[PDB]
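The next block holds one structure in the form of structure tokens; read it before the comments.
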Amino acid sequence: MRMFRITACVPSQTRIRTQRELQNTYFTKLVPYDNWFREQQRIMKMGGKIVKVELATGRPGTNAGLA
Amino acid sequence: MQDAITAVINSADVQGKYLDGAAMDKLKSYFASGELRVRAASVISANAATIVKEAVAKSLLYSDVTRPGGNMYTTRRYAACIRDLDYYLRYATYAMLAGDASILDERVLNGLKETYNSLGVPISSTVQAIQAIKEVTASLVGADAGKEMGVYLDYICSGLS
Amino acid sequence: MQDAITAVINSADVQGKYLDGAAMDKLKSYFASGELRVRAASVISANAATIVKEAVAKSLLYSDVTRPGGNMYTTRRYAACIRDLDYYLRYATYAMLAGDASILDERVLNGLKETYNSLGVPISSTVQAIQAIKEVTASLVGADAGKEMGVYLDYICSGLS
Amino acid sequence: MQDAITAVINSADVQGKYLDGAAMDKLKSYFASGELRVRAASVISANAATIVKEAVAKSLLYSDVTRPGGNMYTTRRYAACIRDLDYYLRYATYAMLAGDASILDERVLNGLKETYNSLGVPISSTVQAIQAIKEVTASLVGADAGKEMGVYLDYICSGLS
Amino acid sequence: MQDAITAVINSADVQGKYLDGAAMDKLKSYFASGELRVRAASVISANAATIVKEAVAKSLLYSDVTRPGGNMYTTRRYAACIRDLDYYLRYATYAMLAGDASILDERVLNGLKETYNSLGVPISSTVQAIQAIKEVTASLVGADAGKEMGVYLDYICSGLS
Amino acid sequence: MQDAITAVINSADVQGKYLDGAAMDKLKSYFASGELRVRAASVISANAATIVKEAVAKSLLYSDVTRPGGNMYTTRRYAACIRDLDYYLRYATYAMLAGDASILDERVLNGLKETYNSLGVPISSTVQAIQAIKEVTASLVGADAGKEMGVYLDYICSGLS
Amino acid sequence: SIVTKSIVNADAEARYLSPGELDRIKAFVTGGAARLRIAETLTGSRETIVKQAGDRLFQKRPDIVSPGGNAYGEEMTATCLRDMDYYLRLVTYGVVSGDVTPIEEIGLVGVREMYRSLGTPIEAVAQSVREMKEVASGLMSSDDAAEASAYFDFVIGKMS
Amino acid sequence: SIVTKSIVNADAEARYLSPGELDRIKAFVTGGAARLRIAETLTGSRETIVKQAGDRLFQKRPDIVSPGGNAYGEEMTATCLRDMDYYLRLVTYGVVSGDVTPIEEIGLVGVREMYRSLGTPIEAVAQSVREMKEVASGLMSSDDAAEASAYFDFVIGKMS
Amino acid sequence: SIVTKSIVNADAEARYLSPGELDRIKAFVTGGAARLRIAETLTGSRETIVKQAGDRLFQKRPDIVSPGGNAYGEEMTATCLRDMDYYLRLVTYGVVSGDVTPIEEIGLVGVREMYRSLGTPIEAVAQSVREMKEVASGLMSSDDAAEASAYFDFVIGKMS
Amino acid sequence: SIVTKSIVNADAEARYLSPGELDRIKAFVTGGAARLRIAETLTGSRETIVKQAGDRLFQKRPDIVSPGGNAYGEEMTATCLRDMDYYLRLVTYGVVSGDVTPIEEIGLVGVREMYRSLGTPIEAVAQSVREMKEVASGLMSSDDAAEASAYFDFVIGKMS
Amino acid sequence: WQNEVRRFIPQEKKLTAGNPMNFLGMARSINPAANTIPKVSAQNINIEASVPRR
Amino acid sequence: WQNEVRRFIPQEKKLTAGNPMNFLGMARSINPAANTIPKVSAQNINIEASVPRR
Ligand SMILES: *[C@@H](C)[C@H]1/C(=C/c2[nH]c(/C=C3N=C(/C=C4\NC(=O)C(CC)=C4C)C(C)=C\3CCC(=O)O)c(CCC(=O)O)c2C)NC(=O)[C@@H]1C
Ligand SMILES: *[C@@H](C)[C@H]1/C(=C/c2[nH]c(/C=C3N=C(/C=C4\NC(=O)C(CC)=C4C)C(C)=C\3CCC(=O)O)c(CCC(=O)O)c2C)NC(=O)[C@@H]1C
Ligand SMILES: *[C@@H](C)[C@H]1/C(=C/c2[nH]c(/C=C3N=C(/C=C4\NC(=O)C(CC)=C4C)C(C)=C\3CCC(=O)O)c(CCC(=O)O)c2C)NC(=O)[C@@H]1C
Ligand SMILES: *[C@H](C)[C@H]1/C(=C/c2[nH]c(/C=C3N=C(/C=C4\NC(=O)C(CC)=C4C)C(C)=C\3CCC(=O)O)c(CCC(=O)O)c2C)NC(=O)[C@@H]1C
Ligand SMILES: *[C@H](C)[C@H]1/C(=C/c2[nH]c(/C=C3N=C(/C=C4\NC(=O)C(CC)=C4C)C(C)=C\3CCC(=O)O)c(CCC(=O)O)c2C)NC(=O)[C@@H]1C
Ligand SMILES: *[C@H](C)[C@H]1/C(=C/c2[nH]c(/C=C3N=C(/C=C4\NC(=O)C(CC)=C4C)C(C)=C\3CCC(=O)O)c(CCC(=O)O)c2C)NC(=O)[C@@H]1C
Ligand SMILES: *[C@H](C)[C@H]1/C(=C/c2[nH]c(/C=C3N=C(/C=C4\NC(=O)C(CC)=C4C)C(C)=C\3CCC(=O)O)c(CCC(=O)O)c2C)NC(=O)[C@@H]1C
Ligand SMILES: *[C@H](C)[C@H]1/C(=C/c2[nH]c(/C=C3N=C(/C=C4\NC(=O)C(CC)=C4C)C(C)=C\3CCC(=O)O)c(CCC(=O)O)c2C)NC(=O)[C@@H]1C
């Protein structure tokens, strides 16, 4: 469904958490296409930086046949 | 309440014309029903206690409902259930004479579910009682009158459940 | 309503059996408590005006509700308040004689919440009033009879809360 | 929510016309009051811990709820009651700055009585805590500025009763 | 939910038997209904918004509901009104394709009356808007599919009113 | 949720006093029973599925509830019933570990009566299935540990009745 | 229950319990040992009282057991003895409670309507509980026979 | 039914039915008569098809009827044939409905939990209904055998 | 394609295709030659379709091409008829696909926001594709015009 | 190991490995001689107990050694004894670890899907572990057998 | 090698107090004496004086 | 000349759909070939090469 494989670093700007938080601080995850705009916006609201993002799933420039 | 004849009269009157051909053949259907309905009412009013008697004997008697613990237990509750089934049979006979279930959903079903939930009356056991009345009426009045009586009794079942 | 021995009888009746040894043991427990219940009922019936007098003096007087515009104002409402606490103490005496709190949620708590909501009655002020009755009766009659009276009075409080 | 000025706008929009002279007079009355409302809101926001501190001290300490087993016992519940009174004072300040008691039944009193009834929170103790709040606030910001605080804290009392 | 075919499958399955001729006749009846419902749903899905906009233009436009004071004036709640009518036309087409009104009282009529009572939505005006949808649909698709859509929209009206 | 130890702690907390000798020897009774409860926990956790298997075999197999029309008919309803017995056995093991029925009060019996009434679940057959679980675990884990498991399963039965 | 009856009367008169009702409750609460002894006597002799009274009833009225009768077969006779056990249990409940209110609430309101619906001769049910009273008074001590016969008397009077 | 699965899909996707989907309920209602023929021939020949299927299972897997087995007994073979007839009922309901929805809604959801509560081999009951498929292809006409055996392929693939 | 819709549904429910869905694929690969013939007729006679549909669209709604409008001028009518050719080619793509998902993912996702940024009345484009299906049914065979009007019908529904 | 489990439980709620588990670690490292004695006893007598356990397993369920069964052939029976030896070695690994997590990590996650794919009766595998538990309890000395019984009962409970 | 095969009937439902099956054996032990068939034909009876009169 | 006694017991029960009573007779007519008890010693199988070794 033309998913993105992204990786990003999201720090905690307001709380000093005592549990382990690599898994939601620096993480690699698969995000779908229609969710990726909202997800990238949400990272940039939270203050994290998108380290890298590539199109692991699907083919760029496909006019049709993406569902 | 209303029957089928006043139903088509009111349906003509609400749009404000006289009796048209749909009213004509609806009245012809009701008059053709006619004799069968009045004969079924005559035989039900004849053996009125018989259907409720062996209906309770077929469905309710000798079970955990009429054993201690159940809701048919104690004589006051037994007489109340006999009264309820006489109510249901009388009002089903009235709806059978009418040709419409207006007396059913306008004299019986409103408030009945919530008052039975307040009294703890078993809805499924009342449904099986109504099915027993349906079977004994089908055995006593015939086939066509029996099945339209069954339509009115399981309308009571569908409203109550 | 239901007292302790009728509760034993109905508990045997729902399972259909007779009264066995444990039923007779509960009956003898109630028969042992009956002396205390009778003497506490006689004391409360003798002094019943003084209890509600002391309770209203301890918990209701010289407050915002009896300052003008409140619900304890307008002497008709004060007399209705004294009548209400007299009703609470009398039905608590009934439940103390009974040994079961069925009269409390049959003939008192039935609709009492929405009665007080429709009349604008302060619920926790009433709860404080019945608690005032609770330590007045506890100081009046003793620790064990006062304990039983406290059980039924804060049953009234929990139903009213 | 709504304030006095949007109440004027909504009352204009219900009848469907523009703002007439009486609407302008009500708006100018609000603009005249707004300086006093802003000054009182600044004073209450500056001293808001002291109002709830002195109010709990004069109405809630050394009581049956504060003794163990009561609702004011268990420091978690104690600080939750403090936070509740902070919420009441802050939303009353919102209502005094607004000029309409719509924020109370849109953001405070919506389900609050059901919350306290399910939570076992003493209604009259909360009401007398609100009375202590409005007495301390009226002593702090004066009689004329404390009049509106009395309006909205008594509106909280009337909604919660 | 359940359609006509699944309805007769469950009516066989409650006794646990295979399908007999009393299932065969009504099952072939639903197959005979068939293509009519298919093409009716096709043309409704063609001009899907168009029945809605003629229905509002014929019934709800230029009246007291779109005038201020009425519960359809302002763009947000008129948006909610046309979203509701899109929902009703879509789910009536759903019931027409299914051949049973189970989707209506499973997906539409559950809690709709009480949430409209909470929102102050005009029940009679919504019923009249559904009548407008019915008459535009009957003028569009014909007589038999028109009265199929009519009986499902009248089921919606009877449940909502 | 609370076990016997924290139930003692919370009762003494509401009493506002320290642990008297009743608290101490109730705690000693729990400390005596703890080894028995751990051994019964190990046995039931080993034989969790087989207890339900033999209980449903000796209670409600080849009966009318497993017949079509019965509520254990269809694989969905059958597996839901098996998961229900698994829930009852696991929560009875939890209550047997705790020495208190608060987990059954708040996590099992809360809403279960009206849930089963909405679903049409046969209460008496469910109760005798729990009785079959009681007999199987009494034959399996011993007499005294089986007696505590039996009184907790009978608490589930009385809550469901 | 006598406590329930006195509470009902005091609630109807809107007053506390009178000293007469209160020391009647005292007298009952002291003397209940004899009444529970009567109840244990009836519970121990449950089967033989019903058996002998059923035999005596079918001797006195053989047309409830004849063809055309209400209780014809052996199963119908078992239902007759089941009703006898029901009313013996109610008499035991009344002896224990000290008042006829449980008997009224369970098995005497609408009994005429129930036996009208069942076709059962209620005068023969009155004869049945009369013979149960006779057998119980035969195998019971005389003061205890009078104490149980008060409640048996009430059941006979409300059936007939 | 195919209409109820398509309409649940459209209801979830917040749209009207796609014209391809209306074309396929159109195809189903035009071709429905052969499905009724399948249903009536299976209802006519239910006992012999289940006879041959059970007999060939008992030939192929003797461990099922071996001592110690779940289906060892005469009783146990009878309730195995009960399950056989239940799945035959589900296949008739499915070929009437035009979809896999009644089979999954009645006899496939939770069936692994049921059969592991009972200890029965799910691969063996899948082999049983596969044998129902092969004897149905032997007994019934070839063109409708495609649809009937295909729904059988569904239930053996979903069950195994 | 319809195989793409069926394979998306089957992957969503996480097993192989139900025989209802293989029936979908089977009837599609029987009717694909007819669908290709219909699309070839529309491709061959495409020019009269767009030209006559645009002319009768201008006859029905002259406000669109009135001066100051979006479509006023020979340049703007050329761009509008290019849009007409785009939509007609997309409906032929839907015909050869067997579903409406290429129609959605090329021209129906974001079309409302597209024409709102362009200032184009989507109700006028809906009338335009109504005249498209009218001219196509006029010069196409009736059974062929049934499915052609079904796919144009989806275009009208999603874009109106 | 029990140290690993205590570390995991402390890390889950971010503790510093409280004395309430550190005394258990102390008791484990002091009393490890008894569990090493248990392990060397099981390792020395590993073949006798697995042969007797297979004997009682085939006594209770001779389906698998019947010609239709899964363990038929004397090679699949050898595979049965090999898998039971695997589970015995897992039990020894657990009794030297102190908890259930090595048996969980090696042989209980996905064992249901494994034996579903292999077609074996997992309830009969659980019965084999039950018989191995009983033979090991007979061979071992009372409280040592009760100590190993926790690990065995874990294997049966997660197997069934 | 013995095998435990169950039955088509379930476990028997435990007989309770209100069910008259527990009194069937006591009704048999009574064995109540029925009445003989009465040989009256009622055609020979005459309703003018056989009705009593006091 | 009899009164039909009110046989409340569900004796002579019509064997409805779903019972194994409807398949007991066909189980008799099938008469399945129950396999013999195999003689496997399970004591002399050396599990080093009898296990498949492919
Ligand atoms: C001297 C004049 C007499 C007297 C008076 C007395 N009264 C009280 C106490 C109360 N009186 C009231 C009265 C009213 N409530 C109403 O709603 C109205 C009409 C508008 C009236 C008149 C109330 C409510 C009280 C209770 C206390 C309160 O103020 O709320 C007292 C005090 C009794 C005490 O011990 O607290 C007295 C002394 N007493 C006499 O002896 C003179 C005859
Ligand atoms: C000397 C030790 C310090 C000190 C104490 C102090 N505390 C209070 C008042 C209160 N303390 C509590 C405490 C609790 N509520 C709970 O639910 C629990 C957990 C069991 C605790 C510990 C409460 C409720 C009060 C309110 C009054 C009451 O008596 O209940 C005071 C009195 C303050 C006043 O002005 O009334 C004092 C003096 N003060 C110090 O300076 C020392 C550091
Ligand atoms: C022979 C190939 C098979 C066999 C079967 C077998 N079945 C049972 C018992 C039961 N089967 C069911 C199944 C259903 N209930 C339903 O409602 C439906 C349709 C939706 C089905 C298919 C159930 C509930 C039972 C339990 C009792 C009952 O018959 O209702 C047994 C008996 C197990 C026992 O311990 O008694 C057997 C042996 N054996 C096999 O190996 C094949 C799977
Ligand atoms: C301290 C030696 C020097 C340093 C530290 C510093 N750390 C952070 C914040 C983070 N630290 C971590 C590391 C971990 N998170 C875990 O969960 C674990 C294991 C359990 C480790 C080892 C992470 C992920 C963060 C970011 C998220 C967070 O704040 O928790 C910061 C803040 C960076 C920021 O810009 O917010 C700093 C500065 N820097 C120094 O100068 C010290 C010498
Ligand atoms: C005029 C600048 C342009 C325009 C206007 C136009 N409007 C309508 C009709 C309606 N407009 C509304 C919208 C509103 N409802 C409200 O409550 C408010 C303010 C809070 C607005 C703005 C509604 C509901 C209607 C329908 C009539 C009614 O009162 O319900 C029309 C008529 C369309 C018709 O078919 O009747 C028109 C023409 N259109 C233009 O082209 C001008 C650029
Ligand atoms: C329009 C026909 C008339 C009308 C309606 C009206 N509706 C709302 C808002 C809501 N309507 C619903 C109801 C539904 N939820 C569903 O899921 C379905 C179909 C299954 C229905 C029918 C709900 C939940 C709302 C609230 C959420 C929302 O706005 O979408 C309003 C707005 C109320 C408000 O002002 O807050 C109105 C006015 N009223 C009329 O006068 C028209 C005749
Ligand atoms: C089995 C003894 C009898 C019975 C069972 C039955 N149960 C359901 C479904 C539900 N069971 C519950 C119960 C609980 N859920 C919880 O979370 C807890 C406590 C932790 C309990 C006790 C609930 C909520 C349901 C509904 C949710 C669901 O769908 O599973 C069913 C299914 C009803 C249906 O319509 O599918 C059945 C049949 N019924 C019997 O006849 C057995 C005797
Ligand atoms: C025997 C001396 C007489 C008589 C008996 C007879 N009784 C029945 C049937 C029933 N009797 C009852 C009675 C009660 N239900 C209650 O709750 C109570 C109070 C605790 C009583 C007394 C009921 C309910 C029945 C119906 C069957 C049932 O057990 O539920 C019959 C059977 C009639 C039939 O048609 O089946 C008979 C014959 N008949 C006589 O002739 C004697 C006078």
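Ligands are numbered from 1 in the order shown, chains are lettered A, B, ... in the order of the structure tokens, and residues start at 1 in each chain.
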
All residues 6 Å or closer to range 64-72 of chain J, only C-alpha atoms, same chain fewer than 6 positions away omitted, as a list in words: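 The neighbour list is residues 61, 62 and 63 of chain H; 120 of chain J.
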
Residues of chain E within 7 Å of chain H, only C-alpha atoms counted, as an MDAnalysis selection string: chainID E and resid 5:6 9 18 31 34:35 38 42 45 90 98

Go ahead and save the residues from that selection, with C-alpha atoms, as an mmCIF file, in the first residue's frame.
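Resulting contents of out_21.cif:
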data_model
loop_
_atom_site.group_PDB
_atom_site.id
_atom_site.type_symbol
_atom_site.label_atom_id
_atom_site.label_comp_id
_atom_site.auth_asym_id
_atom_site.auth_seq_id
_atom_site.Cartn_x
_atom_site.Cartn_y
_atom_site.Cartn_z
ATOM 1 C CA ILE E 5 -31.569 -15.147 2.758
ATOM 2 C CA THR E 6 -29.715 -15.190 6.078
ATOM 3 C CA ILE E 9 -31.178 -19.704 6.898
ATOM 4 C CA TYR E 18 -32.447 -28.401 6.063
ATOM 5 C CA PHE E 31 -34.389 -13.934 -6.248
ATOM 6 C CA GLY E 34 -33.356 -9.226 -7.217
ATOM 7 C CA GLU E 35 -32.365 -7.175 -10.248
ATOM 8 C CA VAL E 38 -29.867 -3.920 -7.919
ATOM 9 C CA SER E 42 -27.418 1.646 -9.026
ATOM 10 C CA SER E 45 -25.716 5.631 -6.254
ATOM 11 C CA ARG E 90 -27.504 5.514 2.178
ATOM 12 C CA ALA E 98 -30.589 -6.338 1.910
#

Nearby polymer residues, ligand 1, at most 6 Å, only C-alpha atoms and all ligand atoms, as number ranges by chain: C: 61-62, 66, 73-75

Moved chain K, fitted on chain L by every C-alpha in sequence order, as a PDB file with C-alpha atoms, in the first residue's frame:
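And here's result_6.pdb as it stands now:
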ATOM      1  CA  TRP K   1     -65.117 -47.040  31.828  1.00  0.00           C
ATOM      2  CA  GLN K   2     -61.555 -46.939  30.508  1.00  0.00           C
ATOM      3  CA  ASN K   3     -59.225 -44.302  31.935  1.00  0.00           C
ATOM      4  CA  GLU K   4     -56.417 -42.293  30.321  1.00  0.00           C
ATOM      5  CA  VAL K   5     -53.480 -42.113  32.743  1.00  0.00           C
ATOM      6  CA  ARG K   6     -50.385 -40.272  31.511  1.00  0.00           C
ATOM      7  CA  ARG K   7     -46.696 -40.827  32.229  1.00  0.00           C
ATOM      8  CA  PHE K   8     -43.854 -39.321  34.262  1.00  0.00           C
ATOM      9  CA  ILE K   9     -41.944 -38.713  31.040  1.00  0.00           C
ATOM     10  CA  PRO K  10     -43.405 -35.870  28.941  1.00  0.00           C
ATOM     11  CA  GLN K  11     -44.018 -36.125  25.236  1.00  0.00           C
ATOM     12  CA  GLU K  12     -40.803 -37.016  23.454  1.00  0.00           C
ATOM     13  CA  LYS K  13     -38.983 -34.024  22.014  1.00  0.00           C
ATOM     14  CA  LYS K  14     -39.084 -34.181  18.229  1.00  0.00           C
ATOM     15  CA  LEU K  15     -35.676 -35.022  16.823  1.00  0.00           C
ATOM     16  CA  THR K  16     -34.189 -32.267  14.674  1.00  0.00           C
ATOM     17  CA  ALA K  17     -31.475 -31.944  12.058  1.00  0.00           C
ATOM     18  CA  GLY K  18     -28.430 -30.970  14.111  1.00  0.00           C
ATOM     19  CA  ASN K  19     -28.900 -33.636  16.773  1.00  0.00           C
ATOM     20  CA  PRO K  20     -26.665 -36.663  15.998  1.00  0.00           C
ATOM     21  CA  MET K  21     -29.291 -39.092  17.377  1.00  0.00           C
ATOM     22  CA  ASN K  22     -30.674 -39.467  13.849  1.00  0.00           C
ATOM     23  CA  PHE K  23     -27.240 -40.674  12.697  1.00  0.00           C
ATOM     24  CA  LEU K  24     -26.832 -43.227  15.508  1.00  0.00           C
ATOM     25  CA  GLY K  25     -28.650 -45.904  13.510  1.00  0.00           C
ATOM     26  CA  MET K  26     -26.574 -45.192  10.418  1.00  0.00           C
ATOM     27  CA  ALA K  27     -23.414 -45.354  12.549  1.00  0.00           C
ATOM     28  CA  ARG K  28     -24.594 -48.761  13.794  1.00  0.00           C
ATOM     29  CA  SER K  29     -25.264 -49.850  10.203  1.00  0.00           C
ATOM     30  CA  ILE K  30     -21.706 -48.816   9.355  1.00  0.00           C
ATOM     31  CA  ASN K  31     -20.297 -50.535  12.495  1.00  0.00           C
ATOM     32  CA  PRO K  32     -16.776 -49.181  11.866  1.00  0.00           C
ATOM     33  CA  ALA K  33     -13.956 -51.689  12.207  1.00  0.00           C
ATOM     34  CA  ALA K  34     -11.677 -50.665  15.058  1.00  0.00           C
ATOM     35  CA  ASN K  35      -7.965 -51.446  15.191  1.00  0.00           C
ATOM     36  CA  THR K  36      -6.307 -54.207  17.182  1.00  0.00           C
ATOM     37  CA  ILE K  37      -4.442 -53.303  20.359  1.00  0.00           C
ATOM     38  CA  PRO K  38      -0.794 -52.727  19.344  1.00  0.00           C
ATOM     39  CA  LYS K  39       1.665 -54.898  21.260  1.00  0.00           C
ATOM     40  CA  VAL K  40       4.652 -52.559  21.318  1.00  0.00           C
ATOM     41  CA  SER K  41       6.407 -51.876  24.619  1.00  0.00           C
ATOM     42  CA  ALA K  42       8.916 -49.156  23.495  1.00  0.00           C
ATOM     43  CA  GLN K  43      11.540 -50.143  26.092  1.00  0.00           C
ATOM     44  CA  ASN K  44      13.344 -52.288  23.511  1.00  0.00           C
ATOM     45  CA  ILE K  45      13.392 -49.500  20.905  1.00  0.00           C
ATOM     46  CA  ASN K  46      16.596 -47.442  20.819  1.00  0.00           C
ATOM     47  CA  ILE K  47      16.671 -43.801  19.744  1.00  0.00           C
ATOM     48  CA  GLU K  48      19.927 -43.532  17.835  1.00  0.00           C
ATOM     49  CA  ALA K  49      19.272 -45.314  14.497  1.00  0.00           C
ATOM     50  CA  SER K  50      15.588 -46.327  14.459  1.00  0.00           C
ATOM     51  CA  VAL K  51      14.909 -42.651  13.756  1.00  0.00           C
ATOM     52  CA  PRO K  52      15.222 -42.458   9.943  1.00  0.00           C
ATOM     53  CA  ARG K  53      18.060 -40.582   8.287  1.00  0.00           C
ATOM     54  CA  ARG K  54      17.826 -39.285   4.722  1.00  0.00           C
TER      55      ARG K  54
END

Near-range 43-55 of chain A list (7 Å; only C-alpha atoms; drop same-chain fewer than 5 positions) as a ChimeraX atom specification: /A:3-11

From a DSSP pass on the backbone, collect the residues of range 1-62 of chain A flagged as alpha helix (DSSP H) and hand them back as a PDB file with C-alpha atoms, in the first residue's frame.
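Below is the file states-v4.pdb, written as the result:
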ATOM      1  CA  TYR A  33       1.327   6.769   2.507  1.00  0.00           C
ATOM      2  CA  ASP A  34      -1.923   8.400   3.635  1.00  0.00           C
ATOM      3  CA  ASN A  35      -0.734   8.338   7.257  1.00  0.00           C
ATOM      4  CA  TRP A  36       2.792   9.611   6.517  1.00  0.00           C
ATOM      5  CA  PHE A  37       1.867  13.292   6.076  1.00  0.00           C
ATOM      6  CA  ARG A  38       0.030  13.341   9.416  1.00  0.00           C
ATOM      7  CA  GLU A  39       2.824  11.328  11.066  1.00  0.00           C
ATOM      8  CA  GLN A  40       5.601  13.633   9.830  1.00  0.00           C
ATOM      9  CA  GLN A  41       3.527  16.634  10.927  1.00  0.00           C
ATOM     10  CA  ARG A  42       3.117  14.986  14.341  1.00  0.00           C
ATOM     11  CA  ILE A  43       6.887  14.434  14.727  1.00  0.00           C
ATOM     12  CA  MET A  44       7.507  18.067  13.786  1.00  0.00           C
ATOM     13  CA  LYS A  45       4.925  19.155  16.374  1.00  0.00           C
ATOM     14  CA  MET A  46       6.632  16.979  19.004  1.00  0.00           C
TER      15      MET A  46
END

Determine, using only C-alpha atoms, which residues of chain J have any atom at most 10 Å from an atom of chain L, and tabulate each with its shortest atom pair and distance in Å to one decimal place, rows ordered by chain and then rising number, as a Markdown table.
| residue | atom | partner | partner_atom | distance |
| --- | --- | --- | --- | --- |
| J:47 | CA | L:43 | CA | 9.6 |
| J:48 | CA | L:43 | CA | 8.7 |
| J:50 | CA | L:43 | CA | 9.4 |
| J:51 | CA | L:43 | CA | 5.7 |
| J:52 | CA | L:43 | CA | 7.6 |
| J:53 | CA | L:42 | CA | 9.4 |
| J:54 | CA | L:42 | CA | 6.5 |
| J:55 | CA | L:42 | CA | 5.9 |
| J:56 | CA | L:42 | CA | 9.6 |
| J:57 | CA | L:42 | CA | 9.9 |
| J:58 | CA | L:42 | CA | 8.3 |
| J:59 | CA | L:37 | CA | 10.0 |
| J:62 | CA | L:37 | CA | 7.1 |
| J:63 | CA | L:37 | CA | 8.7 |
| J:65 | CA | L:38 | CA | 6.8 |
| J:66 | CA | L:38 | CA | 6.1 |
| J:67 | CA | L:35 | CA | 7.8 |
| J:68 | CA | L:35 | CA | 8.7 |
| J:72 | CA | L:38 | CA | 9.6 |
| J:73 | CA | L:50 | CA | 9.9 |
| J:74 | CA | L:50 | CA | 7.0 |
| J:75 | CA | L:51 | CA | 5.2 |
| J:76 | CA | L:51 | CA | 7.2 |
| J:77 | CA | L:42 | CA | 8.0 |
| J:78 | CA | L:51 | CA | 5.2 |
| J:79 | CA | L:51 | CA | 5.6 |
| J:80 | CA | L:51 | CA | 9.2 |
| J:81 | CA | L:47 | CA | 7.3 |
| J:82 | CA | L:47 | CA | 6.8 |
| J:85 | CA | L:47 | CA | 9.8 |

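Selecting all polymer residues at most 10 Å from ligand 2, using only C-alpha atoms and all ligand atoms, gives residues 53, 54, 56, 57, 58, 60, 61, 62, 63, 64, 65, 66, 67, 68, 69, 70, 71, 72, 73, 74, 75, 76, 77, 78 and 79 of chain D; 13 and 16 of chain F.
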
Given the selection you just returned, output its residues as a file containing C-alpha atoms, formatted as a compact mmCIF listing (two decimals), in the first residue's frame.
# COMPACT_ATOMS: atom_id res chain seq x y z
CA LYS D 53 -6.37 27.30 52.08
CA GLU D 54 -8.36 29.50 54.45
CA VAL D 56 -10.66 24.45 53.83
CA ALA D 57 -9.22 25.56 57.19
CA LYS D 58 -12.48 27.23 58.25
CA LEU D 60 -13.32 21.20 56.35
CA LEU D 61 -10.63 20.43 58.95
CA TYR D 62 -11.55 18.68 62.22
CA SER D 63 -14.69 16.98 60.94
CA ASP D 64 -16.06 13.48 60.45
CA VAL D 65 -14.85 13.40 56.84
CA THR D 66 -11.36 14.40 58.01
CA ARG D 67 -11.28 11.71 60.70
CA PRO D 68 -10.23 8.29 59.28
CA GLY D 69 -12.77 6.48 57.16
CA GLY D 70 -14.12 9.78 55.88
CA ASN D 71 -13.81 11.17 52.38
CA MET D 72 -11.30 13.90 53.34
CA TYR D 73 -8.99 11.21 54.80
CA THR D 74 -6.29 9.53 52.60
CA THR D 75 -3.97 12.37 51.41
CA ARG D 76 -4.59 11.41 47.76
CA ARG D 77 -8.30 12.11 48.35
CA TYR D 78 -7.38 15.18 50.43
CA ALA D 79 -5.32 16.71 47.61
CA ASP F 13 -7.97 1.87 58.43
CA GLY F 16 -9.04 4.26 62.54
